Every structure is written in C-alpha cells, then in structure tokens.
C-alpha cells in the first residue's frame, strides 16, 4: 500500500479536453467505476459536467452558471461509502493546511499523507500551482483531481496547493473565496471523502494578514482549519507549532507536530496530425 499521484492522470485528461468539442462531450473515458459520482463545476458562465467515468461534457446555459449553480457540487446515486474512513473513524469533509512566512506547508502535507497511508487508508496526492510541479493549479485542475479521486477507490486526497485558485478568484487584490472553500467542503461530504487542501498566500502583499483572515474563514466553512504558526528544519527532521480549529468548537487548540522529511503527450500529437480546428464557433472560451 503506497500513495497514488493523480497529477499525470489530471494532465492527460486536460490533453483530451483541449482536443475535442466539449458540447458534444469526451466519451469512452476510464476515470473510475468504484463510485457512481457526478461532478458539476462552473467555468465562467459554462457548466462542465464529469459523469462517473463514462464521460465529461460541457453546457452553455442561456443564463450564467454563476447565478444558476455558483461554484460547483457533486451528486451521487445511489450512494457512496468509504468503509476504511469508518474503520479508522475519519470524518468526511475538507481540511485547510494554511501557512504564511513560516512555510512548511508541503512538508506537513507529505508527513500527514504518509501517516494516513501507514494507517491503511487509500491516499492520493495531486501536485499543483507550485515550483517544480507541472499542473498550473486552476479551478478546473482541482475539480478534475477531485472527481478522479471521488469515482476511484481513494479515501484521503491531498490537494497541494490552492495558490492558483486563490489568485484566480482575485484573493490577492472575499465572498468568492468563501463560496469556493464552502463548495470544496460540501463536495468532500457529498462524495464522503477526506480532502486536505493547502494554501500559502505568498502572491499577496501582506502574507500573514491574509493567513489570519483566510484561517478565520476556513474555520467556519471547512471541517478542519490548520494554521502553521512556526516551522523549522533540522536536517532530515522537522518541527512545527500549529493552531487547529474543528467546527463547532468555540475554543481553538495548539498542536505540536514533528517527524522526518518525507519526499513525494500522445493524445495532443495525434490531434496535430489530423484536422478535426474550430470546435468553439461563436461562443468565447470560458474561464473560472
């Protein structure tokens, strides 16, 4: 039992979405058949629906997706059960590991992932919107990874990081940030998955002021809000002081955490050779 990296699976899915008319849909996919989940997300004014491993199709409704459905949700029939989450008494929902100038956001994610993997849980980690990682970390990349994990036999998913999503919703210039964090927790509950998100507002002017106000938001919207107060590396080993919030505890708690340093094109080429290249027409490409 080891941690599965969804990054390449998300990358190759983005390669397939770039080569076809999404209104017609991308059929004969193999995203996962373990759970019968349907992810519905907003891409600007368009809706992009991920059918449970069958298909991914886009719709352009007469009215904006922002008014109609907001951010995005997950629907499942008949049901979704994560037997191992019950076994290990791990509640479904979203967690936010947030750090400022102290850093150690990625280190702690790797620590908690390997720890969860050791306990017998099926752990998945997606790398995005950070240095040395190929995924740009867009809202589409988060929902693609979320769906890929949801429909598959994944119990705990680690999304590192939401840096691009935060910037995309103009978090560096917030209602939109709240709606996103609520939707991500709502999603994790509906899919009955434990999703652990990470964020460092390093693109923001006042990094630490953004950390406290985002942590206060995360505390209300998400199941767990974890703030890295301090972080120090000692060769292989690390140690970090953490502030943790669990809804609905009106009391916050300090939580020390230490351990060892745990470390983590065929589709497009095929298109280029065959002219199958205007599949948008009069509608401008949408972006969330």
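Numbering follows the first chain given and starts at 1.
In the deposited entry, the stretch joining residue 21 to residue 22 is continuous, with no residue of the deposited sequence left without coordinates. In the deposited entry, the stretch joining residue 269 to residue 270 is continuous, with no residue of the deposited sequence left without coordinates. Between 242 to 250 and 38 to 46, the higher mean Cα B-factor belongs to 242 to 250. Just going by the entry, 255 to 263 versus 48 to 56 on mean CA temperature factor gives the higher value to 255 to 263. Across 230, 64, 221, 236, the entry's maximum B-factor at the CA atom is seen for 236. The PDB entry assigns the greatest CA B-factor among 87, 160, 185, 132 to 87. In this PDB entry, residue 83 carries a Cα temperature factor that places it within the highest third of its chain's modelled residues. Residue 137: CA B factor lies in the lowest third for its chain, per the PDB record.
For residue 172, the recorded CA temperature factor ranks within the highest third of the chain's modelled residues. The deposited CA B-factor of residue 153 belongs to the lowest third of values across its chain. The PDB entry assigns residue 127 a C-alpha temperature factor belonging to the lowest third of its chain's modelled residues.
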